[PDB]
Every structure is written in C-alpha cells, then in structure tokens.
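Written out below as structure tokens is the structure these notes cover.
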Amino acid sequence: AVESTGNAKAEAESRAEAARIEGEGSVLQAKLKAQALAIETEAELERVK
Amino acid sequence: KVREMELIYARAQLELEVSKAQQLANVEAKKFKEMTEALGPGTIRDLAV
C-alpha cells in the first residue's frame, strides 16, 4: 500500500509541479505577450491611422 | 482601439461616399432638367403622342 501510494504520489506531485511552473510561466509569458501585442497594435494603429 | 479607428474610417468613408453620390445625383438631375428645359414640353409631347 505504502509502495503503490508512494509512487503514485510521486508521479502525481510531479504533474502538480509541472502544472505549477506551467501556470506561473504561462502567467508571465502571457503578460509579456500582452505588452508586446499592446505596443505592436499601438504603433500599428498609429501608422495605419 | 481598433474598433474605434474602424469607426473613424467608417464615418469618414461613408460621408465621402454619400457626398459623392449626392453630387453626382446633382449633376444628373441638373442634366435632365437642362434637357427638359432645352427640348421643351412639346418635344417629349411629340415623342409621347
């Protein structure tokens, strides 16, 4: 019981870790993507104007 | 913001469009009026009778 629960807990917490780093990393990368799209669509809107 | 600039292109181009169609309607109607003033009621009367 301790063995199977141990390994399953290990793989599961591994997925939780990957999910967390993917989480915050998605947050920051989406934020820089937000600034990028913002400045790009801004200059684009200007010159197109 | 893109919707806003789109409203600008929309209002401007629509205004210029209506102005164009209006002025052309003016030259057309003035043309036909010049015709009826020229050939006269009796000429279209001749075409009709």
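In the structure tokens, chains take the letters A, B, ... in the order shown, each chain's residues start at 1, and ligands count up from 1 in the order shown.
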
Chain B contacts on chain A, only C-alpha atoms, 10 Å, as a PyMOL selection string: chain A and resi 41-42+44-46+48-49

Rounded to one decimal, what separation in Å do you get between atom CA of residue B:30 and atom CA of residue B:14? 23.8 Å
